[PDB]
């Protein structure tokens, strides 16, 4: 059970690795730290990079890299990259003030931490975002709610009443990506885009595209979405950098 994979650097050079099919992102990073004579920072990261749509995401430590590769279309020319990422576990280091005052609800550090990582309750994340309404090239500014069951927007201002809520996306079977330095100008209001791509083991894998007002607003959203999707596992990854 082995697969040869290619991992790229920023300079667009690459190294091939023949790895067992059950290998994690953590284990590939550690392999590459050793082979390249680097020093383990804990910031080394494998990224899933989708060049045709201009987005990338951090591959979480525990994910199986071959399962990530399996969800690729064969004409897509997707790539794995290896570089440092300092923001990855920023919420875990400085939790109590990570999220802005108005954006969350359910102040102590491990209070907020425990509320975000529970498998029962999720907090609520709410704020404006720009969304590309489906099939159309235009974008609208709308109020959104992130909850345990997923992401919703209000058809009427900021109103959280069930009457006004519209389901936008699940994250059980979607992955979260952040846009690189590519053309926003497929309509987008800013360069701070992010998007959800369904697993191929769903139905049609249409991109749900979003866009924040500010970089920092995106980071909070993507972080909230990550914590909701992976929950306690994210924290375990961070708290056990070597797992063994």
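Residue numbers count along the first chain shown, from 1.
- Counting the deposited residues that fall between residue 106 and residue 107 and carry no coordinates gives a value of 4 to 9.
- When the two stretches 146 to 154 and 130 to 138 are set side by side, the higher mean Cα temperature factor goes to 130 to 138.
- Look at the C-alpha B-factors of 69 to 77 and of 108 to 116. On average they run higher in 108 to 116.
- Of the candidates 212, 209, 201, 59, it is 201 whose Cα B-factor is highest according to the PDB record.
- Looking at the C-alpha B-factors along this chain, the one for residue 82 belongs to the lowest third.
- Ranked within its chain, residue 216 lands in the highest third, by CA B factor from the PDB record.
- Sort the chain's modelled residues by C-alpha temperature factor and residue 193 lands in the lowest third, per the entry.
- Ranked against the other modelled residues of its chain, the C-alpha B-factor of residue 242 as given in the entry falls in the highest third.
- For residue 181, the recorded CA temperature factor ranks within the highest third of the chain's modelled residues.
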